[PDB]
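**Student:** What follows is a single structure, and I will ask about it in a moment.
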Amino acid sequence: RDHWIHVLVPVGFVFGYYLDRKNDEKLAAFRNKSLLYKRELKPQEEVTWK
Amino acid sequence: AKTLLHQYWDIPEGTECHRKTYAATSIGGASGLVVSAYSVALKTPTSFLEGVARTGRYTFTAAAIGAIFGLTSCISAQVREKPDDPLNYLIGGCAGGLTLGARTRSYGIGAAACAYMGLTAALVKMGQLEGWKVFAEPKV
Amino acid sequence: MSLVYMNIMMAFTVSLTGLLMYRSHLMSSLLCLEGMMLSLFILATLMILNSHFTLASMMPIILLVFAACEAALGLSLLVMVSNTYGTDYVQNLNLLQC
Amino acid sequence: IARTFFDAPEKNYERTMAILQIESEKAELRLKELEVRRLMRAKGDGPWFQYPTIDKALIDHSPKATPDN
Amino acid sequence: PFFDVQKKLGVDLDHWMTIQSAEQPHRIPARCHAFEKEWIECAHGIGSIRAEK
Amino acid sequence: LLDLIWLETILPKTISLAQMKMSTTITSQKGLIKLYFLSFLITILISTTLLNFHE
Amino acid sequence: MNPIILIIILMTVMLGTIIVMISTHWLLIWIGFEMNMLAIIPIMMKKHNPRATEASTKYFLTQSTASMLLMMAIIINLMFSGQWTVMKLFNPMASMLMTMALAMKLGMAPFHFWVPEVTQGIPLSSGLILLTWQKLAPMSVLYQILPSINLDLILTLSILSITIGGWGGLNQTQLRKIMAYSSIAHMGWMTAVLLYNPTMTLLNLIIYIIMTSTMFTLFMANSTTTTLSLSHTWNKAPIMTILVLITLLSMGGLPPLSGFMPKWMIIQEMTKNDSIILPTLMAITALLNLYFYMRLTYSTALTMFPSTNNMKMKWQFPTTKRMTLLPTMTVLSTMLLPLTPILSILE
Amino acid sequence: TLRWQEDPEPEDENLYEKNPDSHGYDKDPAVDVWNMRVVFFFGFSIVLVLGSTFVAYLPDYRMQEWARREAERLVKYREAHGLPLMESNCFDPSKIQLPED
Amino acid sequence: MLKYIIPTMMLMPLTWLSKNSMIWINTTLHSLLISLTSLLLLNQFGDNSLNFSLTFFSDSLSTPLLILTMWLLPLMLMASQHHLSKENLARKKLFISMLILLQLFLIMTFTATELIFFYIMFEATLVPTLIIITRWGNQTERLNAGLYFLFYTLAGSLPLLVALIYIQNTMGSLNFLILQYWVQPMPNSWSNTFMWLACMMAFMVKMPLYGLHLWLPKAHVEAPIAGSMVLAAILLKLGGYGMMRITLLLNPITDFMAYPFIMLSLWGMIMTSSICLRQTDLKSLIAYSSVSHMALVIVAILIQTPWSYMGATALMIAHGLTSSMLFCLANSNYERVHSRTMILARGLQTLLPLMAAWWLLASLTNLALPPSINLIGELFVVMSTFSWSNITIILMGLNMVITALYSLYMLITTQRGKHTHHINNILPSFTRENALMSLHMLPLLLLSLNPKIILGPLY
Amino acid sequence: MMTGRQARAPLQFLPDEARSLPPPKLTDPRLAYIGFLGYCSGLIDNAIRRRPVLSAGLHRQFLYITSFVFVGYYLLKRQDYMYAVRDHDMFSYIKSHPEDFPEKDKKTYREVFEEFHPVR
Ligand SMILES: CCCCCCCCCCCCCCCCCC(=O)OC[C@H](COP(=O)([O-])OCC[N+](C)(C)C)OC(=O)CCCCCCCCCCCCCCCCC
Ligand SMILES: CCCCCCCCCCCCCCCCCC(=O)OC[C@H](COP(=O)([O-])OCC[N+](C)(C)C)OC(=O)CCCCCCCCCCCCCCCCC
Ligand SMILES: CCCCCCCCCCCCCCCCCC(=O)OC[C@H](COP(=O)(O)OCCN)OC(=O)CCCCCCCCCCCCCCCCC
């Protein structure tokens, strides 16, 4: 590519978003356990959020 | 120097002006003697007379500062009937600073010494009241 | 405790105050330093011999050897500054104030 | 906008609960460590602040040249 | 830092001199062998803070 | 009067002059070993007698 | 000087330091100290000019006095305990004498009068060897005897060292004297935090060693010994100006550089023991060290002082000095703050 | 005498002299016109317009509209049954133990 | 918050690998893209904050400041590229690198959940600004300005570090989410008095308080244009954010320990506005106006009421935008006439009419013309201070009169009257300067349509 | 502080109890940051010797990164071990001394009393 310097920054934003999602999955200790949002799981799914 | 500080702080404040003044004068004279000893050691004088004159001048200045501070703080505690109050020590510290200005014969250093040593004396009074530790023993 | 201990401590203190107040010469400072070592020798030797510590009897020999090597180095330094200035006065060693 | 970019309120709620639990655990552990350090310094019976002493494996036990020892 | 090279390597460079109640030549006893032995048998393994009291 | 003269005088200028004067007093040594060792003896005497650091 | 004789003398210096570090006998500590000093004397007199002999004479006299005081403390401890194991001392007089002997060897105030003159009189490499390596052994001996150290004495020595070092370094224009006063202030910090947590002392010692090594290595790389000769560097090699700027900013403890970490952890440790006035006073006093560091950065990197004509002749030639480990200690002295929890390896 | 060797102060360059169509961005006309296009497109057409559109359609910022709807529901429910619309105490006094004096 | 940190550090290889002529285009383009991306932080809730991780969070107070920072960076890139035209390429890349690093520290500062991480970033912001001021400033006394700025900040901030470590050791945590629920009353004693002083003096210096403001008409004046923009627009608001975060731990001792600074800042704004009335320098006049507005914010934070907090955050954002625009206009005049004297170049409306219109709009927003967010913030602070006490309305009315006086004095002196005869290098306005002015003006005018996104966490 | 712990088995970088702990991953962020430190030192080494910074001597920069990664990995192993030892000693001492660490009588907010200071 002759314009890779123009794709340095958006792939940085995409990688930062991916790391944010990974850490959000890492902080899932109270998923579907809170006293306000506790509910029975609808079928054909396993988690409330990812 | 440990017994001088205890004998100064053993007297209740606003009670005995003469003994408090004497203790403060002794502490000041000791500090002035230390300063004069280091002065004649590092900066050697021209003769014995110049060195003993410098020693007497420094010791007398420090002793006068101590006596004025002790007398002023004790008198202000007596008049106001407020023994545990850093305002009395602030007044005494400014009196000591004005004495230092009188000894050096310049107004500006005297006013600056009034402000700074009044603040320092007030801080020492707050530390004595609240039990602040400067050389704190290891604990954890 | 004993009395000769007090005399050896006072001898060490006298030699220390002699070293710590230079008069004119560097050689007098070196002599005061080596008198301090000699007082250390006597004190340690008396303590070791009175305590019957057998294996500590080798210590004053090592102390003497090391401090005499120290004194040899000091004499060499004195000879160097005497060759520089023509005398061993301590008032000529003041170039490093600036 | 709320479907593509934004996060669900439940996700933020439970994420905040997880963060709060972890940080409260850390704060309690820090306070307990301070108290333990103070007690070990004061008493000296714990695994910390064990300043060394003379090892007793160096003492000679064979009979000497003099009986009175 | 006190790097215990002697204990790591197993050598004995200065432990023979370090106390008076140690192994002395020709089994010569010291004047205070028994007192020092009792004090060492106290202080061993309890740290300085406990052994000071 | 206030911010070009006095507010400049109280906090920064006086502190700067005090540190300058203390620096000129500290670094004005004459480079003599005899005076340094006399100061060492005075320090030892003050610590032993006046401050009681050997207790 | 012969390369082989220089090698043997340098290994003798390190052997003396090792003998002090690894030994369990007080006489061996003394022996290592004299071996180290006797071997390091010819490093100071490498150039053979009167200033080097004067500096060597003052250094020899100070170290011999401190050594005799150390032997006195050892003999008093033997008299009152009957043993020689390097551990806590059994007499307050022996503890006071040994503490002042180690303070004289470290050059802390008020025993500080020999450090700037000795550093000025000797070359840059020998001054680096002195101010970096000579302080590993007295701090180890202090690390071994902390149950016997008087708290008031060591704290007085610390605060006096910090104040005197800052006020002394305010007035200097020679780089070696600036480095000496900076050293005095840093040893004040290190022995201030000694009695509460000696691991913080080890961390501060390591960080100060790295920063001083970087600054001295840059100095000998550019062959500058004064302020103005350092200010000529912008017209010769501007990368060195950037390096001295970042290292002098890190030496002042400015975050987020690696020099912030020692005083940060020291203040963290001192407040756990309910000592609040002293860490504030030490920070306010370290502002003076920051002041003369920032003055150096003004003269060197952030302005362009006038140069001379022969700088062109110096442009036409590249450098060939063996700037050993200069990028490594340049990186390690500036970007080490995110790895702050690495200090647990020193406990 | 004559002072140190130093160049005089250079004359200020007029950007409109060599390029009367200058936008003031660069001395090369192509770089200058491309910088103008970049700033005008990505600043006004992209950030300002779509940013205003994004802020205008924020999904119920800080729950104000939900709070109004819930207040309507609660006011209707409390008005229908004769209940007071709001009480002076946020928590029930039954589940609160006052200190004994 | 990693989705904004990582593109910011990826701006560094973008400016260090670009061509000799394409550094400004690339940096401006990609910073504008990240500024557009920064709008995703507006997912705020009426009860809970937007908590991303253990280290980062962003409530409704830090979000406007973040958006302001990430929008301000391309403005500084556009402004600072004319006076760096003849500079060496490596020095140009170093300048852009310091701007990028400052933006990185600023966006890590507003989102720090831990207070000691906030302190570390808040004092890491000192180095790039000091380097920018003392290296690319034009005058002799830029070194003295840097010394004053650095030492005022550090002397104010070292007791803050000591007090924060004390709070960590006493309470067990410095996490702001924990401290909202674990907070305790602070009783009246001398220890707590010096706790309050230590926790407050750093942000009182950085804001600045009247009497501690002596570094501002130096650092704001001897800096380059980008430095002046980032000093006026963002760096003064670190103190405001710090007092908003730290007042939670200082109750109920604030209600009487806030009296001397309330009297200092109520009387201080009159003194600084009067100073503005008799200023021969345009840049110094703008700096003293900044001192007065930040004194208003200080009073609003210190009286600690909801209306005061909303007015304080709105006034902070509005004054940042207005001061940045005023500094840009003064810089354009400086590039035209090569002098900062206000009386030298006069009557520029006959020569520069659209620039005169931009000057008029900036002056109108400076004196809080409704319904600008300047007036919204100033009005809310005035209402809350009236609730505090009634003679505050006398003080606020006097301040408003003098503020209108000096703003129109600025405008009438610079733009109106007869033009200077001997000045003949007044070039027409470039497209770059006009684009910079419009990018300062249009967000400021658009925010009056939806002012609810700048009203803090208790709107 | 912990010399009594590190006194029975001296001069060991990692004792045999450390092998019961999970080793750091090779994708550790601290290890990646140390590798970045090595790369930065390689670039400075190119810069001070007037070489092209990003092109000259790729073997030198690779050895810089490799050496930094190696030393950092072992330092991280030691750091994790020593924090593990700290926690282990803390919990053992807490469990062994129940008299000094009593259970705090937790009370709900309906029983506790807090003074109210109005903001007016
Ligand atoms: C920009 C210039 C102006 C800067 C002003 C900076 C703030 C001014 C006040 C700072 C005081 C020092 C930090 C105090 C931190 C207190 C934390 C704490 O726990 O406090 C309670 C603690 C209480 O001690 P404690 O918490 O250990 O004890 C437990 C509590 N009691 C007492 C109940 C048992 O306070 C202290 O320890 C002392 C506090 C007062 C310290 C006085 C000395 C400093 C004087 C002011 C110096 C200001 C800067 C001067 C230099 C300027 C530049 C040249
Ligand atoms: C935000 C914190 C950081 C601050 C700095 C930010 C810098 C970066 C800038 C990014 C982009 C801008 C962000 C802020 C955008 C603010 C504007 C916005 O979105 O508003 C939304 C608001 C939203 O309004 P609303 O909330 O009432 O709309 C209801 C909501 N919906 C749409 C879902 C139903 O938009 C409007 O108000 C537009 C209304 C229509 C257009 C205007 C009509 C009237 C115009 C004037 C007519 C003549 C009057 C008389 C004139 C006389 C002469 C003077
Ligand atoms: C708890 C801690 C326990 C202990 C841990 C380990 C501590 C390590 C302490 C390191 C101390 C370094 C001392 C100074 C360097 C020693 C080597 C030497 O002699 O260097 C000088 C030598 C002189 O040669 P010459 O050619 O005359 O130089 C003049 C310039 N032409 O050669 C030169 O001048 C050549 C030029 C380059 C010299 C570079 C020297 C760098 C040394 C420091 C490296 C970084 C520190 C060590 C690693 C971190 C340790 C914490």
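The chains in the structure tokens are called A, B, ... from first to last as shown; in each chain the residues are counted from 1, and the ligands are counted from 1 in the order shown.
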Residues within 6 Å of ligand 2 should be enumerated using only C-alpha atoms and all ligand atoms and returned as a VMD selection string.
**Tutor:** (chain H and resid 47 to 48 51 to 53 55 to 57) or (chain I and resid 64 67 to 68 71 443 446 to 447 449 to 450 453 to 454)
**Student:** Mind checking which residues fall within 12 Å of residue 178 (chain G), counting only C-alpha atoms, ignoring those fewer than 6 positions away in the same chain, and posting them as a PyMOL selection string?
**Tutor:** (chain F and resi 27) or (chain G and resi 115-117+119-120+165-172+184-185+212+215-216+225-227+248+288-293+295-296)
**Student:** Could the residues that lie within 6 Å of ligand 1, counting only C-alpha atoms and all ligand atoms, be listed as a list in words?
**Tutor:**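 With only C-alpha atoms and all ligand atoms and a cut-off of 6 Å, ligand 1 is contacted by residues 130, 131 and 132 of chain B; 274, 275, 276, 277, 280 and 284 of chain G; 152, 155, 156, 159, 162, 163, 166, 191, 192, 194, 195, 197, 198 and 201 of chain I.
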**Student:** Hey, what's within 6 Å of region 7-21 of chain C if we count only C-alpha atoms and toss same-chain stuff fewer than 3 positions away? As a list in words, please?
**Tutor:**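 Neighbouring residues, sequence-local ones excluded: residues 4, 29, 32, 36 and 39 of chain C; 37 and 38 of chain F.
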**Student:** Can you tell me which residues sit at most 6 Å away from ligand 3, counting only C-alpha atoms and all ligand atoms, written as a PyMOL selection string?
**Tutor:** (chain E and resi 1) or (chain G and resi 125+128-129+132-133+202+206+210+213+217+220+322-324)
**Student:** Neighbours of residue 48 (chain E) within 8 Å (only C-alpha atoms; same-chain residues fewer than 4 positions away dropped), as a list in words?
**Tutor:**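 After dropping sequence-adjacent residues, the list is residues 50, 51, 52 and 53 of chain D; 43 and 52 of chain E.
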**Student:** List the spatial neighbours of residue 5 (chain J) as JSON, numbers by chain - criterion: any atom at most 9 Å away, only C-alpha atoms, same-chain residues fewer than 2 positions off excluded.
**Tutor:** {"D": [47, 48, 50], "J": [1, 2, 3, 7, 8, 9, 85]}
**Student:** Per residue of chain D within 6 Å of chain E, which atom pair is closest and at what distance in Å (one decimal), using only C-alpha atoms, listed by chain and increasing number, as CSV?
**Tutor:**
residue,atom,partner,partner_atom,distance
D:44,CA,E:49,CA,5.5
D:50,CA,E:47,CA,4.9
D:51,CA,E:47,CA,5.2
D:52,CA,E:47,CA,5.7
D:55,CA,E:44,CA,5.9
D:56,CA,E:40,CA,6.0
D:58,CA,E:22,CA,5.6
D:59,CA,E:22,CA,4.7
D:60,CA,E:23,CA,5.0
D:64,CA,E:27,CA,4.6
D:65,CA,E:27,CA,5.6
D:69,CA,E:34,CA,5.5
**Student:** Those residues you just picked out, can you put them in a file as a short mmCIF file (atom, residue, chain, number, x, y, z; two decimals), in the first residue's frame with N, CA, C and O atoms?
**Tutor:**
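Saved the output as part_19.cif:
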data_model
loop_
_atom_site.label_atom_id
_atom_site.label_comp_id
_atom_site.auth_asym_id
_atom_site.auth_seq_id
_atom_site.Cartn_x
_atom_site.Cartn_y
_atom_site.Cartn_z
N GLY D 44 7.33 -9.22 67.40
CA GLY D 44 8.50 -9.92 66.91
C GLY D 44 8.38 -11.43 66.86
O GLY D 44 9.39 -12.12 66.78
N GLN D 50 12.64 -10.51 61.45
CA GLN D 50 13.47 -11.48 62.15
C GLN D 50 14.93 -11.08 61.96
O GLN D 50 15.61 -11.57 61.06
N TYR D 51 15.40 -10.18 62.81
CA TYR D 51 16.80 -9.81 62.80
C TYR D 51 17.65 -11.00 63.25
O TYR D 51 17.24 -11.75 64.14
N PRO D 52 18.82 -11.21 62.65
CA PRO D 52 19.57 -12.43 62.93
C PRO D 52 20.24 -12.41 64.30
O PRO D 52 20.51 -11.36 64.88
N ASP D 55 24.32 -18.04 65.41
CA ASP D 55 23.95 -19.41 65.13
C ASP D 55 24.62 -20.34 66.13
O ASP D 55 25.83 -20.24 66.36
N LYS D 56 23.85 -21.26 66.71
CA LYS D 56 24.35 -22.12 67.77
C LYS D 56 25.05 -23.37 67.25
O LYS D 56 25.52 -24.18 68.05
N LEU D 58 27.86 -23.28 65.86
CA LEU D 58 29.27 -22.96 65.95
C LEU D 58 29.89 -23.31 67.29
O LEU D 58 31.11 -23.22 67.43
N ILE D 59 29.09 -23.72 68.27
CA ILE D 59 29.60 -23.94 69.63
C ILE D 59 30.30 -25.29 69.70
O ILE D 59 29.76 -26.31 69.29
N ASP D 60 31.53 -25.28 70.22
CA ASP D 60 32.29 -26.51 70.42
C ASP D 60 31.80 -27.24 71.66
O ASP D 60 31.68 -26.64 72.73
N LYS D 64 37.22 -29.77 77.04
CA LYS D 64 38.30 -28.80 76.91
C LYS D 64 39.48 -29.22 77.78
O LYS D 64 39.52 -30.32 78.33
N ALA D 65 40.47 -28.33 77.90
CA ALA D 65 41.64 -28.62 78.72
C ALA D 65 41.39 -28.36 80.20
O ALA D 65 42.21 -28.76 81.03
N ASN D 69 34.03 -25.52 82.83
CA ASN D 69 33.48 -24.74 81.72
C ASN D 69 32.13 -25.30 81.29
O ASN D 69 31.94 -25.64 80.12
#
**Student:** Could you list, as a ChimeraX atom specification, the residues of chain H having an atom within 8 Å of chain J when counting only C-alpha atoms?
**Tutor:** /H:95-99
**Student:** Generate the output file for the selected residues, N, CA and C atoms, as a short mmCIF file (atom, residue, chain, number, x, y, z; two decimals), in the first residue's frame.
**Tutor:**
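What ended up in again_22.cif:
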data_model
loop_
_atom_site.label_atom_id
_atom_site.label_comp_id
_atom_site.auth_asym_id
_atom_site.auth_seq_id
_atom_site.Cartn_x
_atom_site.Cartn_y
_atom_site.Cartn_z
N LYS H 95 -38.74 1.56 59.97
CA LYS H 95 -37.48 0.84 59.82
C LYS H 95 -36.27 1.68 60.22
N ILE H 96 -36.47 2.66 61.09
CA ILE H 96 -35.39 3.53 61.55
C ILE H 96 -35.40 3.55 63.07
N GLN H 97 -34.26 3.25 63.68
CA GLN H 97 -34.11 3.26 65.13
C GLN H 97 -33.40 4.54 65.54
N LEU H 98 -34.15 5.46 66.15
CA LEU H 98 -33.56 6.69 66.64
C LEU H 98 -32.71 6.40 67.88
N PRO H 99 -31.64 7.18 68.09
CA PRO H 99 -30.85 7.00 69.32
C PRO H 99 -31.66 7.37 70.55
#
**Student:** Show which residues sit within 12 Å of residue 89 (chain J), as a PDB file with C-alpha atoms, in the first residue's frame. Count only C-alpha atoms, and ignore same-chain residues fewer than 5 positions away.
**Tutor:**
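For reference, result-v3.pdb as written:
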ATOM      1  CA  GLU D  33      -1.453  -5.676  55.898  1.00  0.00           C
ATOM      2  CA  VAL D  36      -0.170  -7.144  60.553  1.00  0.00           C
ATOM      3  CA  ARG D  37       3.003  -5.108  59.983  1.00  0.00           C
ATOM      4  CA  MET D  40       4.844  -8.030  63.873  1.00  0.00           C
ATOM      5  CA  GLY D  46       6.075 -13.490  63.182  1.00  0.00           C
ATOM      6  CA  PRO D  47       7.964 -14.381  60.002  1.00  0.00           C
ATOM      7  CA  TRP D  48       8.847 -10.717  59.372  1.00  0.00           C
TER       8      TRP D  48
ATOM      9  CA  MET J   1      11.563  -6.885  56.561  1.00  0.00           C
ATOM     10  CA  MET J   2      11.505 -10.411  55.113  1.00  0.00           C
ATOM     11  CA  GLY J   4      13.970 -14.063  58.246  1.00  0.00           C
ATOM     12  CA  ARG J   5      12.107 -15.583  55.316  1.00  0.00           C
ATOM     13  CA  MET J  82       7.706 -12.240  46.437  1.00  0.00           C
ATOM     14  CA  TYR J  83       4.185 -10.800  46.449  1.00  0.00           C
ATOM     15  CA  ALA J  84       2.887 -14.368  46.817  1.00  0.00           C
ATOM     16  CA  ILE J  94      -3.821 -13.501  60.667  1.00  0.00           C
ATOM     17  CA  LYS J  95      -5.071 -17.068  61.125  1.00  0.00           C
ATOM     18  CA  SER J  96      -2.560 -17.870  63.883  1.00  0.00           C
TER      19      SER J  96
END
**Student:** I want to know what sits within 12 Å of residue 55 (chain F), based on only C-alpha atoms, with residues of the same chain fewer than 4 positions away left out; could you give that as a PyMOL selection string?
**Tutor:** (chain B and resi 2) or (chain F and resi 47-51) or (chain G and resi 91-96+148-153)
**Student:** Please compute the CA of residue 48 (chain J)-CA of residue 205 (chain G) distance, one decimal, in Å.
**Tutor:**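 That distance, rounded to one decimal, is 27.2 Å.
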**Student:** Find the residues of chain I that sit at most 12 Å from chain D; for each, write down the nearest two atoms and how far apart they are in Å, to one decimal. Count only C-alpha atoms. Sort by chain, then by number going up, and give it as JSON lines.
**Tutor:**
{"residue": "I:37", "atom": "CA", "partner": "D:5", "partner_atom": "CA", "distance": 10.6}
{"residue": "I:38", "atom": "CA", "partner": "D:5", "partner_atom": "CA", "distance": 11.7}
{"residue": "I:39", "atom": "CA", "partner": "D:5", "partner_atom": "CA", "distance": 10.1}
{"residue": "I:40", "atom": "CA", "partner": "D:5", "partner_atom": "CA", "distance": 7.0}
{"residue": "I:41", "atom": "CA", "partner": "D:6", "partner_atom": "CA", "distance": 8.7}
{"residue": "I:42", "atom": "CA", "partner": "D:6", "partner_atom": "CA", "distance": 8.7}
{"residue": "I:43", "atom": "CA", "partner": "D:6", "partner_atom": "CA", "distance": 6.2}
{"residue": "I:44", "atom": "CA", "partner": "D:9", "partner_atom": "CA", "distance": 9.5}
{"residue": "I:45", "atom": "CA", "partner": "D:9", "partner_atom": "CA", "distance": 7.9}
{"residue": "I:46", "atom": "CA", "partner": "D:9", "partner_atom": "CA", "distance": 10.5}
{"residue": "I:47", "atom": "CA", "partner": "D:13", "partner_atom": "CA", "distance": 9.9}
{"residue": "I:48", "atom": "CA", "partner": "D:13", "partner_atom": "CA", "distance": 7.4}
{"residue": "I:49", "atom": "CA", "partner": "D:12", "partner_atom": "CA", "distance": 8.2}
{"residue": "I:50", "atom": "CA", "partner": "D:12", "partner_atom": "CA", "distance": 6.7}
{"residue": "I:51", "atom": "CA", "partner": "D:16", "partner_atom": "CA", "distance": 6.2}
{"residue": "I:52", "atom": "CA", "partner": "D:15", "partner_atom": "CA", "distance": 7.9}
{"residue": "I:53", "atom": "CA", "partner": "D:19", "partner_atom": "CA", "distance": 7.2}
{"residue": "I:54", "atom": "CA", "partner": "D:19", "partner_atom": "CA", "distance": 5.8}
{"residue": "I:55", "atom": "CA", "partner": "D:19", "partner_atom": "CA", "distance": 9.4}
{"residue": "I:56", "atom": "CA", "partner": "D:19", "partner_atom": "CA", "distance": 10.7}
{"residue": "I:57", "atom": "CA", "partner": "D:16", "partner_atom": "CA", "distance": 9.8}
{"residue": "I:58", "atom": "CA", "partner": "D:12", "partner_atom": "CA", "distance": 11.9}
{"residue": "I:113", "atom": "CA", "partner": "D:19", "partner_atom": "CA", "distance": 11.0}
{"residue": "I:114", "atom": "CA", "partner": "D:23", "partner_atom": "CA", "distance": 10.4}
{"residue": "I:167", "atom": "CA", "partner": "D:27", "partner_atom": "CA", "distance": 12.0}
{"residue": "I:168", "atom": "CA", "partner": "D:27", "partner_atom": "CA", "distance": 9.0}
{"residue": "I:169", "atom": "CA", "partner": "D:31", "partner_atom": "CA", "distance": 7.8}
{"residue": "I:170", "atom": "CA", "partner": "D:31", "partner_atom": "CA", "distance": 8.3}
{"residue": "I:171", "atom": "CA", "partner": "D:27", "partner_atom": "CA", "distance": 8.1}
{"residue": "I:172", "atom": "CA", "partner": "D:27", "partner_atom": "CA", "distance": 4.7}
{"residue": "I:173", "atom": "CA", "partner": "D:27", "partner_atom": "CA", "distance": 5.2}
{"residue": "I:174", "atom": "CA", "partner": "D:27", "partner_atom": "CA", "distance": 8.8}
{"residue": "I:175", "atom": "CA", "partner": "D:23", "partner_atom": "CA", "distance": 7.4}
{"residue": "I:176", "atom": "CA", "partner": "D:23", "partner_atom": "CA", "distance": 10.2}
{"residue": "I:177", "atom": "CA", "partner": "D:20", "partner_atom": "CA", "distance": 7.1}
{"residue": "I:178", "atom": "CA", "partner": "D:20", "partner_atom": "CA", "distance": 6.7}
{"residue": "I:179", "atom": "CA", "partner": "D:24", "partner_atom": "CA", "distance": 10.1}
{"residue": "I:180", "atom": "CA", "partner": "D:20", "partner_atom": "CA", "distance": 11.0}
{"residue": "I:181", "atom": "CA", "partner": "D:20", "partner_atom": "CA", "distance": 10.1}
{"residue": "I:182", "atom": "CA", "partner": "D:24", "partner_atom": "CA", "distance": 9.7}
**Student:** Using only C-alpha atoms, which chain I residues lie at most 9 Å away from chain F, written as a PyMOL selection string?
**Tutor:** chain I and resi 148+152+211-214
**Student:** If you run DSSP on the backbone here, which positions in region 173-249 of chain G get alpha helix (DSSP H)? Please write them as a PyMOL selection string.
**Tutor:** chain G and resi 175-192+198-222+227-231+238-249
**Student:** Got a sec to pull out which chain I residues are within 9 Å of chain J, counting only C-alpha atoms, and send them as a CSV table (one decimal) with N, CA, C and O atoms, in the first residue's frame?
**Tutor:**
chain,number,residue,atom,x,y,z
I,185,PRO,N,-17.0,12.0,58.0
I,185,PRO,CA,-16.9,13.5,58.3
I,185,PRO,C,-15.5,13.8,58.8
I,185,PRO,O,-14.8,13.0,59.4
I,251,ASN,N,-15.4,17.3,54.2
I,251,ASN,CA,-16.6,17.8,54.8
I,251,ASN,C,-16.7,17.4,56.3
I,251,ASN,O,-16.2,16.3,56.6
I,252,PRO,N,-17.3,18.2,57.2
I,252,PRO,CA,-17.9,19.5,57.0
I,252,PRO,C,-17.0,20.6,57.3
I,252,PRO,O,-17.4,21.7,57.7
I,255,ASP,N,-17.0,24.4,55.3
I,255,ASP,CA,-17.9,25.5,55.5
I,255,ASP,C,-17.4,26.7,56.2
I,255,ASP,O,-17.9,27.8,56.1
I,303,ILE,N,-18.5,27.3,47.4
I,303,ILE,CA,-19.8,27.4,48.1
I,303,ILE,C,-20.6,26.1,48.0
I,303,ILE,O,-21.5,25.9,48.8
I,304,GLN,N,-20.2,25.2,47.1
I,304,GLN,CA,-20.7,23.8,47.0
I,304,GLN,C,-22.2,23.6,47.1
I,304,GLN,O,-22.7,23.0,48.0
I,305,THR,N,-22.9,24.2,46.1
I,305,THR,CA,-24.3,24.0,45.9
I,305,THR,C,-24.5,23.4,44.5
I,305,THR,O,-23.6,23.6,43.6
I,387,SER,N,-27.7,33.1,46.8
I,387,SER,CA,-28.3,32.2,47.9
I,387,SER,C,-27.3,32.1,49.1
I,387,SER,O,-27.7,32.0,50.2
I,388,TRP,N,-26.0,32.2,48.8
I,388,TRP,CA,-25.0,32.2,49.8
I,388,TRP,C,-25.1,33.4,50.7
I,388,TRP,O,-25.2,33.4,51.9
**Student:** Just give me the gap between CA of residue 89 (chain G) and CA of residue 26 (chain G) in Å, one decimal is fine.
**Tutor:** 11.1 Å
**Student:** Give the residues of chain C that lie within 7 Å of chain F; count only C-alpha atoms, and format the answer as a ChimeraX atom specification.
**Tutor:** /C:20-22,91,94,96-97
**Student:** Compute the chain G side of the contact with chain E at 8 Å, counting only C-alpha atoms, and hand it back as a PyMOL selection string.
**Tutor:** chain G and resi 21-25+28+82-85+139-141+143-144
